[PDB]
>>> print(open('protein.txt').read())   # compact mmCIF, N, CA and C atoms
# COMPACT_ATOMS: atom_id res chain seq x y z
N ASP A 6 21.05 333.10 268.41
CA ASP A 6 19.98 332.10 268.35
C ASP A 6 18.65 332.69 268.83
N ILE A 7 17.56 332.31 268.17
CA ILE A 7 16.23 332.52 268.74
C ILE A 7 15.44 331.21 268.72
N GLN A 8 14.66 330.97 269.76
CA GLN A 8 13.83 329.78 269.76
C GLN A 8 12.43 330.10 269.24
N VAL A 9 12.02 329.40 268.19
CA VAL A 9 10.69 329.59 267.65
C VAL A 9 9.81 328.44 268.09
N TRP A 10 8.89 328.72 269.01
CA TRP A 10 8.11 327.68 269.67
C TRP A 10 6.84 327.34 268.91
N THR A 11 6.61 326.04 268.77
CA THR A 11 5.35 325.51 268.28
C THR A 11 4.67 324.79 269.44
N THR A 12 3.42 325.15 269.70
CA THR A 12 2.65 324.49 270.76
C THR A 12 2.13 323.15 270.24
N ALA A 13 2.53 322.06 270.90
CA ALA A 13 2.12 320.72 270.48
C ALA A 13 0.74 320.36 271.00
N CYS A 14 0.59 320.31 272.32
CA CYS A 14 -0.66 319.85 272.93
C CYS A 14 -0.66 320.09 274.41
N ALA A 15 -1.79 319.77 275.05
CA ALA A 15 -1.88 319.76 276.50
C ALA A 15 -1.04 318.61 277.04
N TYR A 16 -0.33 318.87 278.14
CA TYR A 16 0.53 317.87 278.76
C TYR A 16 -0.23 316.58 279.07
N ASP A 17 -1.42 316.73 279.64
CA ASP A 17 -2.20 315.56 280.05
C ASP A 17 -2.87 314.82 278.88
N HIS A 18 -2.60 315.26 277.65
CA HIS A 18 -3.14 314.57 276.48
C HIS A 18 -2.10 313.62 275.87
N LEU A 19 -0.86 313.74 276.32
CA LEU A 19 0.22 312.86 275.85
C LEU A 19 0.45 311.72 276.84
N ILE A 20 0.25 310.49 276.37
CA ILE A 20 0.46 309.30 277.19
C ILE A 20 1.94 308.94 277.17
N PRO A 21 2.53 308.67 278.35
CA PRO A 21 3.96 308.35 278.43
C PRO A 21 4.34 307.18 277.52
N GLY A 22 5.41 307.34 276.75
CA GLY A 22 5.88 306.27 275.88
C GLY A 22 5.26 306.25 274.50
N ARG A 23 4.16 306.99 274.30
CA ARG A 23 3.46 306.96 273.01
C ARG A 23 3.78 308.21 272.20
N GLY A 24 4.72 308.06 271.28
CA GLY A 24 5.20 309.19 270.50
C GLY A 24 4.11 309.76 269.61
N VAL A 25 4.26 311.03 269.26
CA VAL A 25 3.34 311.70 268.35
C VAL A 25 4.13 312.61 267.41
N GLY A 26 3.69 312.70 266.16
CA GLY A 26 4.35 313.55 265.18
C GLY A 26 3.86 314.99 265.31
N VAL A 27 4.79 315.94 265.28
CA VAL A 27 4.44 317.35 265.41
C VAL A 27 5.07 318.13 264.25
N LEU A 28 4.31 319.06 263.69
CA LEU A 28 4.79 319.89 262.58
C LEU A 28 5.19 321.27 263.11
N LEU A 29 6.45 321.65 262.93
CA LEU A 29 6.90 322.96 263.41
C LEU A 29 6.58 324.05 262.39
N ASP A 30 6.77 325.30 262.79
CA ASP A 30 6.38 326.45 261.99
C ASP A 30 7.03 326.46 260.60
N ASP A 31 8.25 325.93 260.49
CA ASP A 31 8.97 325.95 259.22
C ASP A 31 8.80 324.65 258.42
N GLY A 32 7.95 323.75 258.91
CA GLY A 32 7.70 322.50 258.22
C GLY A 32 8.52 321.32 258.70
N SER A 33 9.47 321.55 259.62
CA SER A 33 10.21 320.44 260.23
C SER A 33 9.23 319.45 260.86
N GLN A 34 9.54 318.17 260.75
CA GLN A 34 8.70 317.12 261.31
C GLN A 34 9.42 316.56 262.50
N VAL A 35 8.68 316.41 263.60
CA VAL A 35 9.27 316.09 264.88
C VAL A 35 8.56 314.89 265.52
N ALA A 36 9.32 313.99 266.14
CA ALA A 36 8.74 312.93 266.96
C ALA A 36 8.80 313.37 268.43
N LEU A 37 7.64 313.54 269.04
CA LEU A 37 7.54 314.03 270.42
C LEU A 37 7.13 312.91 271.38
N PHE A 38 7.86 312.76 272.48
CA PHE A 38 7.59 311.73 273.48
C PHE A 38 7.56 312.33 274.89
N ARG A 39 6.60 311.90 275.70
CA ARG A 39 6.65 312.13 277.15
C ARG A 39 7.13 310.84 277.84
N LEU A 40 8.04 310.97 278.80
CA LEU A 40 8.56 309.80 279.52
C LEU A 40 7.93 309.68 280.91
N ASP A 41 8.15 308.53 281.55
CA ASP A 41 7.64 308.30 282.91
C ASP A 41 8.13 309.31 283.93
N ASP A 42 9.36 309.81 283.76
CA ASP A 42 9.88 310.83 284.68
C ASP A 42 9.26 312.22 284.45
N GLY A 43 8.31 312.29 283.52
CA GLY A 43 7.60 313.52 283.24
C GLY A 43 8.16 314.36 282.10
N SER A 44 9.40 314.09 281.71
CA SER A 44 10.06 314.89 280.67
C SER A 44 9.43 314.69 279.30
N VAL A 45 9.51 315.74 278.47
CA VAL A 45 9.15 315.62 277.07
C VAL A 45 10.40 315.78 276.23
N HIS A 46 10.48 315.03 275.13
CA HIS A 46 11.65 315.07 274.26
C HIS A 46 11.20 315.09 272.81
N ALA A 47 11.85 315.92 272.00
CA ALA A 47 11.50 316.03 270.58
C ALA A 47 12.71 315.77 269.71
N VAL A 48 12.59 314.77 268.83
CA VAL A 48 13.66 314.45 267.90
C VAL A 48 13.11 314.41 266.47
N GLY A 49 14.00 314.39 265.48
CA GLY A 49 13.57 314.27 264.09
C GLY A 49 12.62 313.11 263.88
N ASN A 50 11.55 313.33 263.11
CA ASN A 50 10.57 312.28 262.85
C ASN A 50 11.00 311.33 261.73
N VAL A 51 12.03 311.72 260.99
CA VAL A 51 12.47 310.92 259.85
C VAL A 51 13.62 309.98 260.22
N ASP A 52 13.41 308.69 260.02
CA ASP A 52 14.46 307.69 260.20
C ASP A 52 15.60 308.04 259.27
N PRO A 53 16.80 308.26 259.82
CA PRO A 53 17.92 308.73 259.01
C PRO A 53 18.55 307.64 258.15
N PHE A 54 18.10 306.40 258.30
CA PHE A 54 18.59 305.33 257.44
C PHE A 54 17.64 305.14 256.24
N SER A 55 16.34 305.07 256.52
CA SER A 55 15.34 304.76 255.49
C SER A 55 14.66 305.99 254.90
N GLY A 56 14.68 307.10 255.63
CA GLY A 56 13.95 308.29 255.21
C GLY A 56 12.46 308.23 255.54
N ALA A 57 12.03 307.14 256.18
CA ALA A 57 10.63 306.97 256.58
C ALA A 57 10.23 307.90 257.72
N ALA A 58 9.14 308.66 257.55
CA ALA A 58 8.68 309.57 258.60
C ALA A 58 7.89 308.80 259.64
N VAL A 59 8.60 307.99 260.44
CA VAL A 59 7.94 307.06 261.36
C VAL A 59 8.54 307.01 262.77
N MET A 60 9.50 307.88 263.09
CA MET A 60 10.15 307.80 264.40
C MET A 60 9.17 307.90 265.57
N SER A 61 8.13 308.72 265.41
CA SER A 61 7.13 308.92 266.47
C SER A 61 6.42 307.61 266.83
N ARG A 62 6.50 306.64 265.94
CA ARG A 62 5.87 305.35 266.15
C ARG A 62 6.85 304.35 266.78
N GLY A 63 8.06 304.82 267.04
CA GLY A 63 9.10 303.98 267.62
C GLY A 63 8.83 303.64 269.08
N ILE A 64 9.52 302.62 269.57
CA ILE A 64 9.31 302.16 270.95
C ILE A 64 10.35 302.77 271.89
N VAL A 65 9.86 303.44 272.92
CA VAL A 65 10.72 304.11 273.87
C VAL A 65 11.31 303.11 274.85
N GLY A 66 12.61 303.21 275.12
CA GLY A 66 13.25 302.31 276.05
C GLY A 66 14.47 302.92 276.71
N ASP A 67 15.28 302.06 277.33
CA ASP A 67 16.52 302.48 277.97
C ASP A 67 17.71 301.67 277.46
N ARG A 68 18.85 302.33 277.39
CA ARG A 68 20.10 301.68 277.02
C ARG A 68 21.11 302.13 278.06
N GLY A 69 21.44 301.23 278.98
CA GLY A 69 22.34 301.57 280.07
C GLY A 69 21.85 302.78 280.84
N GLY A 70 20.53 302.82 281.07
CA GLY A 70 19.92 303.91 281.80
C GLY A 70 19.58 305.12 280.95
N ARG A 71 19.99 305.09 279.69
CA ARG A 71 19.81 306.24 278.80
C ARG A 71 18.54 306.12 277.97
N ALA A 72 17.68 307.14 278.06
CA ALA A 72 16.38 307.11 277.38
C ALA A 72 16.56 307.11 275.86
N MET A 73 15.84 306.23 275.18
CA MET A 73 15.99 306.18 273.74
C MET A 73 14.70 305.77 273.07
N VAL A 74 14.67 305.93 271.75
CA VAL A 74 13.59 305.39 270.95
C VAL A 74 14.19 304.47 269.88
N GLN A 75 13.57 303.31 269.68
CA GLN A 75 13.99 302.43 268.60
C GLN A 75 13.13 302.65 267.37
N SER A 76 13.78 302.83 266.23
CA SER A 76 13.06 303.01 264.98
C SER A 76 12.22 301.76 264.69
N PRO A 77 10.99 301.96 264.17
CA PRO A 77 9.97 300.91 263.98
C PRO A 77 10.38 299.64 263.21
N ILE A 78 11.04 299.78 262.06
CA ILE A 78 11.37 298.59 261.26
C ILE A 78 12.79 298.13 261.57
N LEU A 79 13.72 299.06 261.38
CA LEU A 79 15.15 298.81 261.48
C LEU A 79 15.62 298.55 262.91
N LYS A 80 14.80 298.93 263.89
CA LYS A 80 15.08 298.70 265.32
C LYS A 80 16.44 299.23 265.78
N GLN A 81 16.80 300.43 265.34
CA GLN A 81 18.03 301.07 265.81
C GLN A 81 17.70 302.12 266.88
N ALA A 82 18.53 302.18 267.92
CA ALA A 82 18.28 303.05 269.07
C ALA A 82 18.85 304.46 268.89
N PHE A 83 18.01 305.46 269.17
CA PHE A 83 18.41 306.86 269.15
C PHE A 83 18.19 307.49 270.53
N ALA A 84 19.25 308.07 271.09
CA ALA A 84 19.17 308.76 272.39
C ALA A 84 18.23 309.96 272.31
N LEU A 85 17.30 310.08 273.26
CA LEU A 85 16.32 311.17 273.20
C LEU A 85 16.93 312.51 273.62
N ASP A 86 18.05 312.45 274.35
CA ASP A 86 18.67 313.68 274.85
C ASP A 86 19.45 314.45 273.78
N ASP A 87 20.13 313.75 272.88
CA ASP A 87 20.92 314.43 271.86
C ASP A 87 20.71 313.90 270.44
N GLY A 88 19.76 312.98 270.27
CA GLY A 88 19.45 312.44 268.96
C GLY A 88 20.48 311.49 268.36
N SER A 89 21.57 311.22 269.09
CA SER A 89 22.60 310.33 268.56
C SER A 89 22.11 308.89 268.42
N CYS A 90 22.48 308.25 267.32
CA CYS A 90 22.20 306.83 267.17
C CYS A 90 23.16 306.07 268.08
N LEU A 91 22.60 305.36 269.05
CA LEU A 91 23.43 304.65 270.02
C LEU A 91 24.05 303.39 269.40
N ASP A 92 23.54 302.96 268.25
CA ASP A 92 24.06 301.75 267.59
C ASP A 92 25.10 302.06 266.49
N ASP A 93 25.12 303.31 266.04
CA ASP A 93 26.05 303.75 264.99
C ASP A 93 26.35 305.22 265.21
N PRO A 94 27.50 305.51 265.86
CA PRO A 94 27.92 306.85 266.26
C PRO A 94 27.96 307.87 265.12
N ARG A 95 28.06 307.39 263.88
CA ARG A 95 28.15 308.27 262.71
C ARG A 95 26.81 308.83 262.26
N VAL A 96 25.73 308.33 262.85
CA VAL A 96 24.38 308.69 262.43
C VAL A 96 23.65 309.35 263.60
N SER A 97 22.71 310.25 263.29
CA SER A 97 21.88 310.86 264.32
C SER A 97 20.59 311.42 263.71
N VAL A 98 19.63 311.73 264.58
CA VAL A 98 18.51 312.59 264.20
C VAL A 98 18.68 313.90 264.93
N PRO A 99 18.07 314.98 264.41
CA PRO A 99 18.12 316.26 265.13
C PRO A 99 17.34 316.18 266.43
N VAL A 100 17.74 316.99 267.40
CA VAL A 100 17.02 317.10 268.65
C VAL A 100 16.51 318.53 268.74
N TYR A 101 15.30 318.70 269.27
CA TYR A 101 14.67 320.01 269.34
C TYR A 101 14.36 320.33 270.79
N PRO A 102 14.60 321.57 271.21
CA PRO A 102 14.19 321.94 272.58
C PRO A 102 12.70 321.68 272.77
N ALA A 103 12.36 321.12 273.92
CA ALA A 103 10.98 320.80 274.24
C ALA A 103 10.73 321.13 275.70
N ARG A 104 9.60 321.78 275.96
CA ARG A 104 9.30 322.20 277.32
C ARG A 104 7.84 322.00 277.66
N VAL A 105 7.55 322.00 278.96
CA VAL A 105 6.18 322.05 279.44
C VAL A 105 6.03 323.36 280.22
N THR A 106 5.16 324.24 279.75
CA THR A 106 4.96 325.54 280.41
C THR A 106 4.36 325.29 281.79
N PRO A 107 4.45 326.29 282.70
CA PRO A 107 3.86 326.08 284.03
C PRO A 107 2.38 325.75 283.97
N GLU A 108 1.70 326.25 282.94
CA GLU A 108 0.26 326.04 282.77
C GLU A 108 -0.06 324.68 282.14
N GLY A 109 0.97 323.95 281.73
CA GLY A 109 0.77 322.59 281.25
C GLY A 109 0.63 322.41 279.75
N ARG A 110 1.27 323.29 278.97
CA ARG A 110 1.28 323.13 277.52
C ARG A 110 2.64 322.62 277.08
N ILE A 111 2.64 321.60 276.22
CA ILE A 111 3.89 321.11 275.65
C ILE A 111 4.24 321.91 274.41
N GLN A 112 5.45 322.47 274.39
CA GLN A 112 5.94 323.17 273.21
C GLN A 112 7.25 322.59 272.72
N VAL A 113 7.50 322.77 271.43
CA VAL A 113 8.73 322.34 270.81
C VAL A 113 9.30 323.49 270.00
N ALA A 114 10.59 323.74 270.15
CA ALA A 114 11.21 324.85 269.44
C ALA A 114 12.08 324.37 268.29
N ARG A 115 12.23 325.22 267.29
CA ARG A 115 13.34 325.07 266.38
C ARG A 115 14.19 326.30 266.60
N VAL A 116 15.49 326.17 266.39
CA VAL A 116 16.40 327.27 266.61
C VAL A 116 16.63 327.99 265.30
N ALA A 117 16.40 329.30 265.30
CA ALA A 117 16.64 330.12 264.12
C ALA A 117 17.67 331.21 264.43
N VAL A 118 18.14 331.88 263.38
CA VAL A 118 19.11 332.96 263.54
C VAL A 118 18.44 334.31 263.84
>>> encode(input="protein.txt", output="structure tokens")
Amino acid sequence: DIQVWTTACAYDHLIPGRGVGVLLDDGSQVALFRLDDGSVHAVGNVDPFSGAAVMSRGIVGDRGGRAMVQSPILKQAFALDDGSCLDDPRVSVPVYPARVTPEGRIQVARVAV
């Protein structure tokens, strides 16, 4: 595995709970969120039911303490940690490594060979 990092933005430019769409080096589309605990999480931007590129516009919440985003129309919950649909175990979005560098830059990786 190699991680190919795309720099999203300055940490202090992302408001907690307000997702943003990020384009990775290979064209993958990502929904990026910062949470109240300071963490950043990147999941697939495409709703896996409708194909709508709108996940970044979803509402961040909790399900039994577990951080999630609800898709905008269909209102289905996806865990931010592993991209699993919490409402339908057979469905998921991809999850992408996401970090904040010591200097305060948010990056998102895709994994390549």
>>> closest_residue(input="protein.txt", among="A:77, A:24, A:32, A:43", to="residue A:105", atoms="only C-alpha atoms")
A:43
>>> residues_around(input="protein.txt", residues="residue A:116", least_positions_apart="5", cutoff="6.5 Å", atoms="all atoms listed in the file", output="list in words")
residues 6, 7, 8 and 9 of chain A
>>> residues_around(input="protein.txt", residues="residue A:78", least_positions_apart="3", cutoff="8 Å", atoms="only N, CA and C atoms", output="list in words")
residues 59, 62, 63, 75 and 81 of chain A
>>> closest_residue(input="protein.txt", among="A:12, A:112, A:97, A:33", to="residue A:52", atoms="only N, CA and C atoms")
A:97
>>> residues_near_point(input="protein.txt", point="(6.1, 324.6, 259.2)", cutoff="12 Å", atoms="only C-alpha atoms", output="JSON, numbers by chain")
{"A": [9, 10, 11, 27, 28, 29, 30, 31, 32, 33, 34, 35, 114, 115]}
>>> closest_residue(input="protein.txt", among="A:65, A:48, A:96, A:58", to="residue A:23", atoms="only N, CA and C atoms")
A:65
>>> select_by_dssp(input="protein.txt", residues="chain A", states="strand (DSSP E or B)", output="MDAnalysis selection string")
chainID A and resid 7:15 25:28 34:39 45:49 51 58 64:68 71:75 82:84 89:90 97 100:101 103:105 110:117
>>> atom_distance(input="protein.txt", atom1="atom N of residue A:91", atom2="atom CA of residue A:68")
9.1 Å
>>> residues_around(input="protein.txt", residues="residue A:82", least_positions_apart="5", cutoff="7 Å", atoms="all atoms listed in the file", output="MDAnalysis selection string")
chainID A and resid 73:76 89:93
>>> atom_distance(input="protein.txt", atom1="atom CA of residue A:61", atom2="atom N of residue A:22")
10.5 Å
>>> residues_around(input="protein.txt", residues="residue A:45", least_positions_apart="3", cutoff="8 Å", atoms="all atoms listed in the file", output="ChimeraX atom specification")
/A:37-42,48,85,102-105,111
>>> build_atoms(input="protein.txt", residues="stretch 27-39 of chain A", atoms="N, CA, C and O atoms", output="mmCIF file, keeping the file's coordinate frame")
data_model
loop_
_atom_site.group_PDB
_atom_site.id
_atom_site.type_symbol
_atom_site.label_atom_id
_atom_site.label_comp_id
_atom_site.auth_asym_id
_atom_site.auth_seq_id
_atom_site.Cartn_x
_atom_site.Cartn_y
_atom_site.Cartn_z
ATOM 1 N N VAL A 27 4.790 315.940 265.280
ATOM 2 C CA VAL A 27 4.440 317.350 265.410
ATOM 3 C C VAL A 27 5.070 318.130 264.250
ATOM 4 O O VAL A 27 6.219 317.891 263.890
ATOM 5 N N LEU A 28 4.310 319.060 263.690
ATOM 6 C CA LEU A 28 4.790 319.890 262.580
ATOM 7 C C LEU A 28 5.190 321.270 263.110
ATOM 8 O O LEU A 28 4.365 321.989 263.662
ATOM 9 N N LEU A 29 6.450 321.650 262.930
ATOM 10 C CA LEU A 29 6.900 322.960 263.410
ATOM 11 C C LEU A 29 6.580 324.050 262.390
ATOM 12 O O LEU A 29 6.185 323.759 261.253
ATOM 13 N N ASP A 30 6.770 325.300 262.790
ATOM 14 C CA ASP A 30 6.380 326.450 261.990
ATOM 15 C C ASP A 30 7.030 326.460 260.600
ATOM 16 O O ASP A 30 6.430 326.933 259.627
ATOM 17 N N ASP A 31 8.250 325.930 260.490
ATOM 18 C CA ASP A 31 8.970 325.950 259.220
ATOM 19 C C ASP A 31 8.800 324.650 258.420
ATOM 20 O O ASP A 31 9.429 324.459 257.387
ATOM 21 N N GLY A 32 7.950 323.750 258.910
ATOM 22 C CA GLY A 32 7.700 322.500 258.220
ATOM 23 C C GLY A 32 8.520 321.320 258.700
ATOM 24 O O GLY A 32 8.305 320.195 258.230
ATOM 25 N N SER A 33 9.470 321.550 259.620
ATOM 26 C CA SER A 33 10.210 320.440 260.230
ATOM 27 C C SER A 33 9.230 319.450 260.860
ATOM 28 O O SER A 33 8.218 319.862 261.438
ATOM 29 N N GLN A 34 9.540 318.170 260.750
ATOM 30 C CA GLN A 34 8.700 317.120 261.310
ATOM 31 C C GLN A 34 9.420 316.560 262.500
ATOM 32 O O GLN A 34 10.604 316.230 262.424
ATOM 33 N N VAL A 35 8.680 316.410 263.600
ATOM 34 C CA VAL A 35 9.270 316.090 264.880
ATOM 35 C C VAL A 35 8.560 314.890 265.520
ATOM 36 O O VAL A 35 7.338 314.765 265.425
ATOM 37 N N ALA A 36 9.320 313.990 266.140
ATOM 38 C CA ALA A 36 8.740 312.930 266.960
ATOM 39 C C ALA A 36 8.800 313.370 268.430
ATOM 40 O O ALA A 36 9.901 313.570 268.973
ATOM 41 N N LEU A 37 7.640 313.540 269.040
ATOM 42 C CA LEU A 37 7.540 314.030 270.420
ATOM 43 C C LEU A 37 7.130 312.910 271.380
ATOM 44 O O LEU A 37 6.152 312.200 271.120
ATOM 45 N N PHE A 38 7.860 312.760 272.480
ATOM 46 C CA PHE A 38 7.590 311.730 273.480
ATOM 47 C C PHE A 38 7.560 312.330 274.890
ATOM 48 O O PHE A 38 8.405 313.153 275.240
ATOM 49 N N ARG A 39 6.600 311.900 275.700
ATOM 50 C CA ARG A 39 6.650 312.130 277.150
ATOM 51 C C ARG A 39 7.130 310.840 277.840
ATOM 52 O O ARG A 39 6.692 309.739 277.497
#
